[PDB]
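Peer 1: Next one to model:
(chains A and B, ligands or ions: 4)
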Amino acid sequence: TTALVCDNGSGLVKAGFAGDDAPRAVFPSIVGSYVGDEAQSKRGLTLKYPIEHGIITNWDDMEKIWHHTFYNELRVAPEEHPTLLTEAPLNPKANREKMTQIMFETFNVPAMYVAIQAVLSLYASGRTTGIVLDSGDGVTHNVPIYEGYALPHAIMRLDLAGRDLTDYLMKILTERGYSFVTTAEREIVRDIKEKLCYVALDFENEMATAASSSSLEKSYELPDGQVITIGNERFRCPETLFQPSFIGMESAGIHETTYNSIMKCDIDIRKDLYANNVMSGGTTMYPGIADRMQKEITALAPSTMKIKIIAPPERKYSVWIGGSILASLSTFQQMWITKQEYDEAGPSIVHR
Amino acid sequence: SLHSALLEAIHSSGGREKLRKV
Ligand SMILES: Nc1ncnc2c1ncn2[C@@H]1O[C@H](COP(=O)(O)OP(=O)(O)OP(=O)(O)O)[C@@H](O)[C@H]1O
Ligand SMILES: [Ca+2]
Ligand SMILES: [Ca+2]
Ligand SMILES: [Ca+2]
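Peer 2: Numbers count the residues shown, from 1 in each chain, chains lettered A, B, ... in the order given. Ligands and ions are numbered 1, 2, ... in the order given. Structure data below:
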């Protein structure tokens, strides 16, 4: 009896077996019906994302994603495997119940559990108190956590994440005459972003370096032989995280949302939050982002405050890894919701 | 308590290095 961990994101499903060090299955959270990699290759049906900004919004398509996960990706019988799922911070109660109902009634799992994504990322770093910045394809959150409890008044949601950065790179690539328009082309630009982009330690100074020579330029070649060369676009793209005005958003940037979130917590915990800033999710992978965040938070915090940013190399899968850890601890085993409990009490048991 | 045992296990889990290599 081996537990499964399924971490459902706006852009990517990460799934696998509890006890493994990484998800074996990672695929696009897309329904075209076709699911995942199948759907993109056969773009031609239309593509829908059943999770928007971290929240499940299309339950029929979400069910196809879970089915594809169990049967085609992991090749398991779900009725034999306790299953740990993940949810966004502030996921409405109704959504949690419906996830529980689908798992027990449609997939017949013997047991299940739903954990908050940011909390899992904190656990993966060995911590039970800290503040997580979780930034994926569709949403970014700041989640302060006290001994495993996400502090609900201090959680911040920011609708600025990887897909917005990809779209912004598509826009600014036109300055050099390049044209990427198609959804297929968006996938190309996504990969360019991932390969060439970085966070400047100081933006204004980096802009000056980029204007004064070509030393910051890098190139990416498409299969047809087109060479895409960019300079300041490399760091302007993720700068958006720190300056959302780049894409017409009024919001504060991620450094400030981190600070604001800490400031909505009791003063007596702020020290431990400042010293345990954990970075999670694919959009935190930009080289230089940890050092920039350290600098920005330092500029916002009390002058004597010890500031520490933890950015693990595995952080594209930290949520998933935290679930894998949690689900295989002997001390967690009594916390599964069992099919017997669901059978007697129904969906609302999940809030227990 | 229940939670202190889980919390302690999380602190001493050793992270991904103690999980199975895929
Ligand atoms: N090396 C990288 N550099 C920049 N961005 C990256 C890198 N690797 C992955 N990403 C981005 O991370 C995103 C996917 O991350 P992740 O799987 O954490 O998000 P998700 O869980 O699908 O979405 P969300 O948490 O917003 O619901 C994509 O936008 C992807 O382009
Ligand atoms: Ca996610
Ligand atoms: Ca206090
Ligand atoms: Ca090992």
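Peer 1: Can you point out the buried residues in the helix or strand hosting residue B:9?
Peer 2: Per DSSP states H and E, residue B:9 falls inside helix B:2-11. Neighbour-count burial for helix B:2-11 flags B:6-7, B:9-10 (criterion: 16 or more other C-beta atoms under 10 Å in any protein chain shown). (C-beta placed from N, C-alpha, C; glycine too.)
Peer 1: Briefly note if the helix or strand containing residue A:269 comes near chain B.
Peer 2: Under the criterion of DSSP H and E, residue A:269 resides in helix A:267-274. No: Helix A:267-274 stays out of contact with chain B when judged by C-beta under 8 Å from any C-beta of the partner chain, the minimum separation being 13.7 Å.
Peer 1: in its sheet, what does the helix or strand following that helix sit against?
Peer 2: Next in sequence after helix A:267-274, counting helices and strands by DSSP H and E, comes strand A:277-280. Within its sheet, strand A:277-280 is paired with strand A:130-135 (parallel), strand A:309-310 (parallel), according to DSSP bridges.
Peer 1: what's the offset of strand A:277-280 from the middle of its chain?
Peer 2: Distance, stretch centre to chain centre, for strand A:277-280: 11 Å (C-alpha atoms, centre = their mean, to the nearest Å).
Peer 1: Using CSV, write out the CA atom coordinates for the helix or strand following it.
Peer 2: Sequence order places helix A:289-300 as the next helix or strand after strand A:277-280, per DSSP H and E. Extracted in CSV, the C-alpha atoms of helix A:289-300 (Å, rounded to 0.1, in the frame of the first residue of the first chain):
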residue,chain,number,x,y,z
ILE,A,289,16.2,36.2,-7.5
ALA,A,290,17.4,35.1,-4.0
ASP,A,291,20.1,37.9,-3.8
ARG,A,292,17.7,40.5,-5.2
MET,A,293,15.0,39.5,-2.6
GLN,A,294,17.6,39.6,0.2
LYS,A,295,18.5,43.1,-0.9
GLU,A,296,14.9,44.3,-1.3
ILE,A,297,13.6,42.9,2.0
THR,A,298,16.7,44.3,3.8
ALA,A,299,15.7,47.8,2.4
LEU,A,300,12.2,47.3,3.8
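Peer 1: Which other helices and strands does helix A:289-300 contact?
Peer 2: helix A:254-263, strand A:277-280, strand A:309-310 (3 or more C-beta pairs under 8 Å, 6 or more residues apart in numbering or on different chains; DSSP states H and E).
Peer 1: Show me what from chain A comes close to chain B.
Peer 2: A:16, A:19-22, A:24, A:123-128, A:147-148, A:314, A:321, A:324-326, A:328-332, A:334-335.
Peer 1: What residues does the residue positioned nearest the centre of chain A make contact with?
Peer 2: When C-alpha atoms, centre = their mean is applied to chain A, the residue found nearest the centroid is residue A:136 (2.9 Å). Counting by C-beta atoms under 8 Å, 6 or more residues apart in numbering or on different chains, residue A:136 touches A:9-12, A:54, A:161-162, A:281-283.
Peer 1: residue of chain B with the smallest distance to ligand 2?
Peer 2: Nearest residue of chain B to ligand 2, counting by C-beta to the ion: residue B:16, 17.4 Å away.
Peer 1: for that residue, what are its contacts?
Peer 2: Neighbouring residues of residue B:16 by C-beta under 8 Å, 6+ apart: A:21-22, A:124, A:314, A:321, A:325.
Peer 1: can you redo those as a markdown table with secondary structure and neighbour count?
Peer 2: Shown next, in a markdown table, are those (DSSP: H, G, I helix; E, B strand; the rest coil; neighbours: other C-beta atoms under 10 Å in any protein chain shown):
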| residue | secondary structure | neighbour count |
| --- | --- | --- |
| A:21 | coil | 19 |
| A:22 | coil | 18 |
| A:124 | helix | 28 |
| A:314 | coil | 15 |
| A:321 | helix | 30 |
| A:325 | helix | 26 |
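Peer 1: Relative to residue A:35, how far out is the residue nearest the centre of chain B?
Peer 2: Nearest to the geometric centre of chain B sits residue B:13, at 2.8 Å (C-alpha atoms, centre = their mean). In this view, residue B:13 and residue A:35 are 33 Å apart by C-beta to C-beta, to the nearest Å.
Peer 1: try residue A:217
Peer 2: Residue A:217 is 39 Å from residue A:35, by C-beta to C-beta.
Peer 1: Comparing those two, which shows the higher neighbour count?
Peer 2: Taking other C-beta atoms under 10 Å in any protein chain shown, residue A:217 and residue A:35 do not tie; residue A:35 has more neighbours (23 against 14).
Peer 1: For the more buried one, what are phi and psi?
Peer 2: For residue A:35, the backbone dihedrals (degrees, to the nearest 10) come out as phi -120, psi 130.
Peer 1: How about the contacts made by it?
Peer 2: A:64-65, A:67-68, A:72.
Peer 1: what do you get for residue A:228?
Peer 2: Residue A:228 touches A:173, A:178, A:192, A:219-222, counting by C-beta under 8 Å, 6+ apart.
Peer 1: Buried among those residues? Make that a ChimeraX selection.
Peer 2: Applying 16+ other C-beta under 10 Å to these, the buried members can be selected in ChimeraX as follows:
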select /A:173,178,192,220
